[PDB]
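The primary structure of each chain is shown beneath.
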Protein chains: 2
Amino acid sequence: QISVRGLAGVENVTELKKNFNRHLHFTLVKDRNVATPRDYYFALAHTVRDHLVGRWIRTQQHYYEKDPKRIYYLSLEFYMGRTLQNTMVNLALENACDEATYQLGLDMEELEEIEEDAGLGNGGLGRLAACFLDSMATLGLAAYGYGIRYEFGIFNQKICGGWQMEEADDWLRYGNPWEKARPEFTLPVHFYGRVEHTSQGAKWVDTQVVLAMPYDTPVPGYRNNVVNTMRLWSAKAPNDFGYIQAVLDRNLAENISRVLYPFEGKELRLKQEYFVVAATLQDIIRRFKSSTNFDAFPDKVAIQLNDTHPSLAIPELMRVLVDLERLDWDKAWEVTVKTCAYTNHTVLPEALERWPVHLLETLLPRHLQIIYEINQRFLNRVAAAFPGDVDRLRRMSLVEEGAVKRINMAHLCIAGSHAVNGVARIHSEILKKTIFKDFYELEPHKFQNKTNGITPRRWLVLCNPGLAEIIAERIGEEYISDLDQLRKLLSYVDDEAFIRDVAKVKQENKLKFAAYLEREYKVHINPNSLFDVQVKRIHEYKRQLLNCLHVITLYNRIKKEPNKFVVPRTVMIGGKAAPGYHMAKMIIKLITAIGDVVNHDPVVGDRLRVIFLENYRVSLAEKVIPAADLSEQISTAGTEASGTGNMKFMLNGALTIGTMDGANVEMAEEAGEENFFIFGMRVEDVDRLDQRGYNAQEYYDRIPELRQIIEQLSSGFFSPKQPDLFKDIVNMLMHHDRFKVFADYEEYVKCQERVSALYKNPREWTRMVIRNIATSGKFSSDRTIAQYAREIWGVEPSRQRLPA
Amino acid sequence: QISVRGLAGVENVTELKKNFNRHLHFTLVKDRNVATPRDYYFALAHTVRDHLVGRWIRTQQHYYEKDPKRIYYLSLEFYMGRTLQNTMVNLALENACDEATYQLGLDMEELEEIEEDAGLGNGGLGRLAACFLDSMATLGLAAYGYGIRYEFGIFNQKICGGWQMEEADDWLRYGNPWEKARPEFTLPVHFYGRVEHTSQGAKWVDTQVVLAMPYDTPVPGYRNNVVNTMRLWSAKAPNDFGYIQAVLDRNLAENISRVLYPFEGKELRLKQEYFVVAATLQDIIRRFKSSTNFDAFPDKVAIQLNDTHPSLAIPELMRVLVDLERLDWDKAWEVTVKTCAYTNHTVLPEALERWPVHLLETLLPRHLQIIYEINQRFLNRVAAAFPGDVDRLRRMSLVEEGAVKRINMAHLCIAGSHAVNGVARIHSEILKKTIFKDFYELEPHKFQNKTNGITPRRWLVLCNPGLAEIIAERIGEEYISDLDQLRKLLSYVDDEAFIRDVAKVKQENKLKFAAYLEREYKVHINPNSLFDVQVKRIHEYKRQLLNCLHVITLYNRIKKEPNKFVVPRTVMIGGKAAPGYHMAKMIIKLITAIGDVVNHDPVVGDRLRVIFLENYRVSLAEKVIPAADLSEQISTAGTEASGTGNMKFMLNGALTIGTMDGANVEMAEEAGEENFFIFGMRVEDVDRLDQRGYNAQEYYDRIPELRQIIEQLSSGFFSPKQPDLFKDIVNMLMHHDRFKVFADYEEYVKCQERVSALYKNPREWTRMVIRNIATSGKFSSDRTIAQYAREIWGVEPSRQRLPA
Ligand SMILES: OC[C@H]1NC[C@@H](O)[C@@H]1O
Ligand SMILES: OC[C@H]1NC[C@@H](O)[C@@H]1O
């Protein structure tokens with residue numbers, strides 16, 4: 001249909017049709033009589049997979065020949081979403097498949113909707129890694145994603161009477177046609193045991209052996225015929241493991257790759273972490289030996305560590321080079337530091353892993369020895385650089401004293417890596433000034449920034465084809481792999497035909513999403529209202545509560561002056577809470593409770609709707625973001641390391657209400673502050689407040705509108721049958737608010753009125769939109785990856801094709 | 001190469017080659033560079049599978065149209081062996097594939113050897129069901145095998161210092177290309193719960209739901225284009241089943257289809273049994289409704305129950321018809337009796353399932369109620385037929401008193417079935433006279449015989465192509481689906497060219513197997529010796545111990561007169577012992593212990609070898625039976641219900657040494673007693689001995705040669721480092737021998753001398769062989785199945801093709 005999807009020729013369409021029939025017939029073992037839409041989805045998925053694998057074989061063939069420096073991206077989270085459309089777009093098969101399935105009496109869009117989201121990630125970190133794989137392939141890097149094939153992803157979220165219910169994600173129930181099991185490349189991973197010393201170094205012995213089975217998923221670049229590999233590890237018990245009981249207990253080892261953790265210091269967590277690290281490192285070493293001399297290892301291998309999760313890669317690499325390959329400490333260490341780099345994804349104190357010594361002792365005794373020995377040599381470097389600074393010595397130690405003895409894994413990461421980066425400028429500055437100040441003063445050259453990005457493939461071409469077409473009409477298709485080219489849309493801010501087109505696309509997207517809400521969730525929304533959307537994980541730092549306070553203000557204002565005009569709004573909030581995070585679960589209930597009162601008040605009518613979006617995930621993100629008018633990015637300054645949803649919204653025609661936090665600062669810098677709704681405390685202001693002490697009572701005393709809301713919550717206004725249901729929320733807001741919701745309330749409400757004012761003038765809104773879209777180029781993951789490649793890994797990106 | 005495999009044409013071979021490459025490329029995701037022989041095996045297996053599925057679809061399509069009476073064969077054992085060659089032969093693809101793989105630089109025979117045996121059965125019962133599926137498809141019956149997809153089969157047997165070690169059978173490690181998972185046809189199976197009564201009948205409530213997932217395996221008929229289905233059930237936990245623990249405990253439900261039991265009254269056993277029954281019955285009912293009126297059910301459905309294992313099918317069918325479909329008792333019962341039939345496979349007291357009431361109460365409360373109610377109505381039938389016979393009432397009851405209360409499942413089987421059969425004439429007679437006398441006197445018309453059979457496809461054409469070719473040269477190919485035609489070989493017993501050919505085939509088979517022993521197991525055997533082979537499960541009734549006593553006699557005779565001529569022999573014994581069957585495990589050790597002494601005695605030389613065959617299984621049976629001269633079938637009279645190995649040997653050119661037990665009686669009747677080495681007690685003689693009382697001491701007192709052997713065993717002759725190792729064996733032989741080994745010793749040794757005498761005259765041996773092969777026609781499973789079809793199920797077999 002459109003230009004951004006490819007050619008629907010004569011030979012391709014005819015050839016696709018007979019491969020569809022072949023897979024339905026031979027692969028699926030069905031005919032037209034018993035074939036359900038799911039079988040049709042599988043037949044198409046298998047047919048498209050055929051074109052991937054041909055390119056996949058050639059790519060790995062190619063890397064064998066050229067022998068380039070290999071990048072290893074290690075994450076415990078790969079938040080992939082659906083694969084079919086992404087695959088069709090990157091291979092230029094979308095129109096051929098659409099025409100081909102049409103000629104068969106099939107709707108392709110109906111088929112796409114049957115694919116389950118890969119349950120392989122939680123949130124930002126996981127989606128980031130997905131965007132990166134896409135970018136890495138698009139830029140011709142010989143890169144590998146490595147992680148765990150969780151049998152059950154992050155839970156599916158169901159709402160029952162306003163409460164989050166968790167239910168298992170059986171995304172694999174019907175099979176995954178994209179993955180290829182590789183049982184022939186299975187690998188031992190060791191646990192417990194003991195250390196023995198011999199005239200010939202240390203030996204790890206009497207170990208429980210868990211086997212690690214790899215599944216491979218192809219990762220297609222954008223129209224460059226490069227197809228990289230994402231390799232995911234599954235746990236499988238060994239074969240010599242009454243007789244019936246020995247076979248049943250094989251389940252115990254296989255529990256490692258069973259569930260993604262929604263930092264909780266459980267053993268199973270540590271085991272997952274070592275599991276992915278150990279198998280991955282064996283694979284990396286094996287691949288390098290098919291190039292003896294580990295001097296060249298850093299020129300052939302780059303390993304990127306994402307948060308403290310794969311931190312054990314450092315002692316593990318040491319263990320292999322020292323105990324097994326017989327290299328001297330100093331040489332092994334030189335190789336480890338040059339190979340590894342460390343990205344920090346968030347400063348949240350409750351996410352920087354600190355393991356108890358008594359646990360590493362039991363589970364990985366040799367690793368503890370290596371850590372102690374790393375710590376010792378590192379501390380002599382500190383001692384010699386800062387003579388007499390004993391407090392620095394204990395601050396910088398990898399070992400923490402007091403209560404239980406712990407190993408700070410972030411400190412390990414810094415010591416054993418040649419580069420350390422944060423994920424947006426302000427965040428990387430914060431690392432340098434606060435939590436890693438000591439390490440920065442010792443090695444200022446390790447510390448870099450790499451502002452996060454999103455892929456324009458999924459996050460524009462795939463999810464918003466309408467917008468993608470009108471851009472291409474004016475400036476052509478080159479922007480898809482070079483998003484900076486969107487600057488050229490600046491010369492169109494005054495063009496009347498373009499203003500109308502941007503506004504029409506937005507309204508089409510809104511109408512569409514409005515109709516999805518009704519069909520699948522029977523809830524009725526006004527499509528000409530302002531689509532006010534906050535979508536991300538539920539957490540107090542993200543301050544869904546601040547949004548809640550605004551929604552109630554608008555409602556109270558409508559009740560006070562009902563016959564006075566207000567810009568209508570649909571307020572949408574979606575996100576999962578962590579299962580044991582009580583406050584987050586209460587917030588969800590608060591939101592749905594506000595909906596119950598507001599959506600059923602006749603005096604309000606269709607002027608305010610509060611909708612909770614159930615089971616927020618990648619594929620729901622692809623539907624809601626194109627339809628949004630207002631992006632809520634309202635974390636307390638200094639808490640959101642970057643964010644990436646914000647970039648998704650910028651790129652899709654939403655204006656942003658936000659604090660100067662994470663990437664917001666750089667988004668506002670790129671579009672100009674005038675084109676951005678910035679409100680609230682900067683980082684400096686939060687610090688000043690922290691010094692004097694935060695007293696929420698003061699805000700309750702001076703702001704009558706806020707006082708009313710607190711009273712309403714306390715007295716059961718939003719919970720008539722359980723008057724004191726939100727007592728924990730009120731009590732937290734009043735006495736124990738770490739994120740200072742009340743302090744940003746006034747300026748947030750004031751900013752919101754300005755958002756409303758501007759929306760009454762559609763023409764000016766849309767011009768402001770154009771200025772955002774036109775300046776979103778910096779936020780491409782192509783740009784991010786290009787920077788990692790040049791400043792960290794030491795490989796040159798490439799835009800060159802591989803033969804078809 | 002040969003005529004019995006098909007045409008290797010021009011279009012087929014060319015077309016097979018590009019499908020081989022397609023699966024290697026696209027299915028396997030490999031190229032010539034990384035492709036191991038296993039990948040080549042998988043590429044061929046996938047290519048041949050393509051031709052199956054085309055016929056598979058049409059067959060089920062066909063049955064939908066014609067709507068024939070459907071046969072359901074229920075077994076907890078399906079002992080399938082390898083599938084590739086069987087598949088090639090039945091489709092007539094063997095020569096096309098051989099030529100096709102040759103043109104690619106591949107040896108097909110090398111590839112065949114990479115396929116693992118389906119770990120889905122234990123022994124006779126399991127192999128019987130396999131032969132039957134083959135026969136049912138060959139004879140055009142709309143039949144379905146139903147059972148459990150055990151994740152780990154029967155253990156693999158390893159010998160370590162003469163002892164059986166059990167190790168898990170991970171036959172699925174690399175995947176099974178023959179099966180098709182069907183997640184879309186998953187089914188609930190209920191456990192525990194309670195019964196509630198309502199104005200509207202009984203209700204089963206508060207049940208644990210285990211889900212039952214079906215895997216389908218195609219079952220090709222012989223060159224008739226019929227392809228039936230074998231459906232196997234896998235356990236999978238439900239979706240609403242801290243949060244981490246709820247996901248891990250999903251393993252508990254999935255333990256149902258985890259391991260085949262090597263009758264042990266465990267709960268997990270009962271659960272497996274109910275599991276297969278419940279899901280199977282739901283499937284049967286569903287299929288019948290796509291024909292309201294359950295009067296026609298018996299005309300559309302036949303269910304065959306194999307031993308007491310699927311006995312719960314009877315109360316389960318009642319439960320569905322009464323509680324769910326709302327039929328009256330009497331009508332439901334009429335339907336159940338007409339649908340079900342029961343085969344008994346062995347009279348072994350320790351294999352007739354008797355479950356404790358307290359267990360059925362807990363696990364299946366409604367089923368217990370239905371059983372009690374069945375028992376009540378059945379006992380009124382007994383009371384009215386035999387007025388005043390109270391002991392008959394308690395003998396015939398489904399409920400047993402004393403100690404723990406038990407349900408006799410065999411009694412249930414008889415009451416709720418319209419036919420009951422044994423598996424060889426003598427065995428069916430025994431059922432009528434002894435263990436089911438009471439039931440026979442009440443309903444003489446239920447009781448039938450159906451002598452077991454083997455398939456000539458696997459057990460001649462597949463395993464012995466050499467013999468298959470020389471037969472076809474003289475009489476053509478028609479015998480493969482009509483084995484009675486072997487009678488025509490009678491007119492050849494005096495033909496000189498045929499005598500030589502039979503003898504040459506045998507020697508080729510022997511040379512071949514001799515060379516397999518050396519390569520894979522480095523053990524050196526004389527190929528001109530008499531190949532004396534006893535292969536079957538190790539059990540005292542099978543009397544491997546009697547064979548052992550002969551081997552030691554021969555050895556002692558050689559030591560006494562070393563320079564006297566004896567017909568050289570290789571004595572081969574193979575078989576698995578049940579893990580907790582102590583005596584059987586000791587017997588194995590005894591056999592290997594005899595080997596240690598005998599194979600290393602210089603004075604013996606290559607005149608006697610004792611080899612234990614490790615890990616006896618279907619594919620080893622396919623190698624050893626063609627190579628055998630002497631078939632040991634030496635169970636105590638009245639203990640072997642039929643046997644089937646015996647028929648395998650008869651058909652492959654071995655003479656038989658045996659007791660008049662099971663099918664031996666009918667084999668001797670068909671070939672004439674003169675052409676058979678019958679020895680020992682008949683059934684009548686065992687009875688007479690049982691009456692007087694068995695005193696083994698008496699035989700030890702009168703037979704000096706036997707006395708010597710006992711002394712040797714006791715004094716540590718075969719166990720020098722552990723003198724008293726075989727004390728349990730001696731002690732059992734002497735005081736607690738239930739199978740009367742000593743009583744058959746003299747006549748067994750005497751018979752063995754006659755076997756030896758005849759072997760010195762090769763020409764007469766081979767003529768006697770011809771007379772056996774020529775009369776083995778009755779033992780075809782085609783004949784057996786034809787009889788089940790006509791006398792039990794009420795369907796007419798057919799030899800007609802389906803379109804190609
Ligand atoms: O770096 C991935 C994510 N970590 C926390 C967010 O601020 C950031 O986008
Ligand atoms: O009927 C299957 C098997 N049960 C015991 C054996 O005698 C018989 O072949």
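- In the PDB header, X-ray crystallography is given as the technique by which the entry was determined, and 2.50 Å as its resolution.

## Topic: the overall build of chain A
- Scanning chain A from N- to C-terminus turns up 32 helices and 23 strands.
- Over its C-alpha trace chain A gives a radius of gyration of 27 Å, about what one expects of a compact globule, namely 28 Å for 804 residues.
- Its C-alpha atoms give chain A principal-axis dimensions of about 90 × 75 × 60 Å.
- Sorting the 804 residues of chain A into buried and exposed places 64% on the buried side.
- Carbon and sulfur atoms make up 50% of the accessible area of chain A, which totals about 30,200 Å².

## Points about the side chain of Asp-216 of chain A
- Looking at where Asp-216 of chain A falls in the secondary structure, it is placed in strand β9 (residues 208–220).
- Among the polar contacts made by the side chain of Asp-216 of chain A, one reaches the side chain of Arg-231 of chain A at a distance of 2.7 Å.

## Focus: the side chain of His-427 of chain B
Residue and element names in this part refer to chain B.
- When you line up the elements, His-427 lands in helix α16 (residues 425–433).
- Judged by relative accessible area, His-427 falls into the buried class, the value being 3%.
- In contact with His-427, other than residues within four places in its own chain, are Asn-344, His-345, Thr-346, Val-347, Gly-422 and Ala-641.

## A few points about the nonpolar core
- Membership of the largest hydrophobic core comes to 259 residues, with the highest contact counts inside it found for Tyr-479, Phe-742 and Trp-793 of chain B.
- By residue number, the principal contributor to this core is helix α8 (residues 267–289) of chain B, which donates 12 residues.
- Here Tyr-479 of chain B is in contact with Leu-460, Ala-468, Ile-471, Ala-472, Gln-485 and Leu-486 of chain B, once residues within four sequence places are set aside.
- Ranked by size, the runner-up nonpolar core spans 131 residues in total, among them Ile-499, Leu-554, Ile-611 and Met-681 of chain A.

## Here's the deal with the site of ligand 1
All names here are of chain A.
- Close contacts around ligand 1 come from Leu-125, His-345, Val-423, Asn-452, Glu-640, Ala-641, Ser-642, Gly-643 and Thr-644, and that covers them all.
- Between ligand 1 and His-345, the relevant distance is 2.6 Å, taken from a nitrogen atom to a main-chain nitrogen or oxygen of the residue.
- A distance of 2.8 Å separates an oxygen atom of ligand 1 from a polar atom in the backbone of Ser-642.
- For ligand 1, the protein covers 93% of the area, taking 270 Å² as the surface of the free molecule.

## Looking at the interface of chain B and chain A
- Counting residues at the interface gives 47 residues for chain B, matched by 47 residues for chain A.
- Together chain B and chain A conceal approximately 4,200 Å² of surface at their shared face, both sides included; 60% is due to carbon and sulfur atoms.
- On the chain B side of the interface with chain A, the three residues burying the most area are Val-29, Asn-239 and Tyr-243 of chain B, jointly 16% of the side's total.
- At the boundary of chain B with chain A, the tally comes to six salt bridges.

## Considering the sheet that holds strand β21 (residues 630–633) of chain B
All names here are of chain B.
- Judged by pairing direction, the sheet is parallel, and its six strands sit side by side in the order β20-β19-β18-β21-β22-β23 without closing on themselves. Strands at the two margins of the open sheet, each flanked by one partner only, are β20 (608–613) and β23 (677–678).
- Looking at chain direction, β21 and strand β22 (residues 655–658) are connected through four bridges and run parallel. Bridged to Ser-631 within β22 is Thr-656.
- The strands touched by helix α21 (residues 544–560) within the sheet are β18 (530–535), β19 (569–574), β20 and β21, with β19 carrying the most contacts at an inclination of about 155°.

## Re unusual backbone geometry
Residue and element names in this part refer to chain B.
- The backbone of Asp-206 shows a phi angle near 55°, a positive value even though the residue is not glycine.
- Along the chain, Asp-206 turns up in the loop between β8 (201–205) and β9 (208–220).
- One non-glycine residue with positive phi stands out, namely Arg-326, at about 65°.
- Residue classification places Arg-326 among the partly exposed positions, given a relative accessible area of 46%.

## Considerations on the relation of the copies chain B and chain A
- Expressed as a screw operation, the relation of chain B to chain A combines 0.0 Å of axial shift with a rotation of 180°, fitting to an RMSD of 0.0 Å. Put plainly, the chains are arranged around a two-fold axis. Scanning chain B for the C-alpha nearest the rotation axis identifies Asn-251 of chain B, at a separation of 3.5 Å.
- The residues that chain B uses at the interface reappear at the interface of chain A in 100% of cases, marking a shared surface.

## Looking at the domain arrangement of chain A
Residues and elements named next belong to chain A.
- Segmenting chain A into domains produces domain 1 (1–453 + 781–804) and domain 2 (454–780).
- At the interface, 51 residues of domain 1 touch 56 residues of domain 2.
- Roughly 4,600 Å² is buried in total at the junction of domain 1 and domain 2, and carbon and sulfur atoms are behind 53% of that figure.
- For the pair domain 1 and domain 2, the number of links is six salt bridges.
- Between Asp-782 and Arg-457 there is a salt bridge, with the nearest N and O atoms lying 2.7 Å from each other.
- Applying the counting criterion to the domain 1 and domain 2 interface returns 29 residue pairs in polar contact.

## A closer look at the pairing of strand β3 (residues 156–160) of chain B
Residues and elements named next belong to chain B.
- Pairing of β3 with strand β4 (residues 163–167), which is carried by five bridges, proceeds in the antiparallel orientation. Paired with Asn-156 across the two strands is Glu-167, which belongs to β4.
- Once β3 ends, the chain turns through two residues before running back antiparallel as β4, passing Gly-161 with a positive phi of about 45°.

## Focus on the packing of aromatic side chains
- The full count for this structure, using the stated rule, is 52 aromatic pairs over all chains.
- Aromatic pair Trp-204 of chain A and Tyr-274 of chain A: ring centres 6.3 Å apart, planes at 70°, arrangement edge-to-face. Just as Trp-204 of chain A is buried, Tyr-274 of chain A falls in that class too.
- Relative to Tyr-146 of chain B, the ring of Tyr-72 of chain B lies with its centre 5.8 Å away and its plane at 50°, an arrangement referred to as tilted.

## Here's the deal with the site of ligand 2
Residue and element names in this part refer to chain B.
- Around ligand 2, a shell composed of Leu-125, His-345, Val-423, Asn-452, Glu-640, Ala-641, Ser-642, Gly-643 and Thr-644 is seen.
- In the environment of ligand 2, an oxygen atom lies 3.1 Å from a nitrogen or oxygen atom belonging to the side chain of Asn-452.
- Residue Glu-640 places a side-chain N or O atom 2.5 Å away from an oxygen atom belonging to ligand 2.
- For ligand 2, whose accessible area on its own is 270 Å², the fraction buried by protein is 93%.
- Here the residues of the shell around ligand 2 sort into three nonpolar, five polar and one charged.
- Both domains that meet at the shell around ligand 2, namely domain 1 (1–453 + 781–804) and domain 2 (454–780), each give it at least three residues.

## Notes on the pairing of β19 of chain B
Residues and elements named next belong to chain B.
- The buried fraction of β19 is high, at six of six residues.
- By the alternation rule, side chains of β19 split into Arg-569, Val-571 and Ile-573 and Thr-570, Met-572 and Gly-574, which are all buried.
- Here β18 runs beside β19; their pairing, made up of six bridges, is parallel. Its bridge partner lying in β19, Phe-531 is registered against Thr-570.
- Considered for its hand, the β-α-β crossover made up of β18, α21 and β19 is right-handed.
- A crossover links β19 with its parallel partner β20, the connecting element being helix α22 (residues 582–598), and its sense is right-handed.

## A word on the packing of α21 of chain B against helix α30 (residues 745–759) of chain B
Residues and elements named next belong to chain B.
- Contact geometry for α21 and α30: axes closest at 10 Å, N-to-C directions at 60°. The angle between α21 and α30 places the two elements in the oblique class. Every pair of crossing elements has a handedness; the one defined by α21 and α30 is right-handed. On α30, the residues touching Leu-546, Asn-547, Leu-549, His-550, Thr-553 and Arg-557 of α21 are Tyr-745, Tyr-748, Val-749, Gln-752 and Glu-753.

## Re the sheet that holds strand β22 (residues 655–658) of chain A
Residue and element names in this part refer to chain A.
- Strand order in the open sheet formed by six strands is β20-β19-β18-β21-β22-β23, and the pairing between neighbours is parallel. If you trace the sheet from one side to the other, it starts and ends with β20 (608–613) and β23 (677–678), each paired once.
- Contacts from helix α22 (residues 582–598) reach β19 (569–574) and β20, with the element oriented near 145° to β20.

## Remarks on helix α31 (residues 762–773) of chain A
- In a regular helix each residue adds 1.5 Å, so 12 residues correspond to 16 Å; α31 of chain A covers 16 Å between its end C-alpha atoms and thus fits that length.
- Every buried residue belonging to α31 of chain A is among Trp-765, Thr-766, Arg-767, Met-768, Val-769, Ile-770, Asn-772 and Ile-773 of chain A, and all of these are buried.

## Section: the pattern of salt bridges
- Inspection of every chain in the model, using the stated rule, returns 144 salt bridges over all chains.
- Among the salt bridges present, the one from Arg-487 of chain A reaches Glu-670 of chain A, with a minimum N-O distance of 3.4 Å. Remark: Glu-670 of chain A occurs in helix α25 (residues 664–671) and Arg-487 of chain A occurs in the loop between α19 (465–475) and α20 (496–521); sequence separation between them is 183 residues.
- For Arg-487 of chain A, a relative accessible area of 39% translates into the label partly exposed.
- A salt bridge links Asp-601 of chain B to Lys-559 of chain B, with the shortest nitrogen-to-oxygen separation between them at 3.5 Å. Of this pair, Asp-601 of chain B sits in the loop between α22 and β20 while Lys-559 of chain B sits in helix α21, and the two are 42 residues apart along the sequence.
- Owing to a relative accessible area of 10%, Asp-601 of chain B belongs among the buried residues under this scheme.

Rules and cut-offs
Residues numbered from 1 in each chain as written, not as in the entry; some residues may be left out. Chains lettered and ligands numbered in written order. Heavy atoms only, no water. Helix = DSSP H or I, 4+ residues; strand = E, 2+ residues; numbered from the N terminus. Rg over C-alpha atoms; globule rule 2.2 N^0.38 Å. Buried < 20%, exposed > 50% of the residue type's maximum accessible area, 1.4 Å probe, protein only. Areas by Shrake-Rupley, 256 points an atom, 1.4 Å probe, with all protein chains shown as cover. Polar contact = N/O pair within 3.5 Å; in protein donor to acceptor, adjacent residues only side chain to side chain. Contact = heavy atoms within 4.5 Å. Core = buried A, V, L, I, M, F, W, Y, C linked by side-chain atoms within 4.5 Å. Near = heavy atom within 4 Å. Buried area = accessible area lost by both parts, 1.4 Å probe. Salt bridge = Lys/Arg side-chain N within 4 Å of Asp/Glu carboxyl O. Pairing = 2+ DSSP bridges. Axes fitted to C-alpha atoms, helices over the stretch in contact; angles between N-to-C directions. Least-squares fit on C-alpha atoms. Domains from an automatic or database assignment. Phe/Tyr/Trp six-rings, centres within 6.5 Å; stacked < 30°, edge-to-face > 60°. Nonpolar A, V, L, I, M, F, W, Y, C, P; charged D, E, K, R; others polar. Right-handed = clockwise from strand over helix to strand, strands pointing away. Parallel < 35°, antiparallel > 145°, perpendicular 65-115°, else oblique. Left-handed = near helix turned anticlockwise from the far one by under 90°. Expected span 1.5 Å × (residues − 1).

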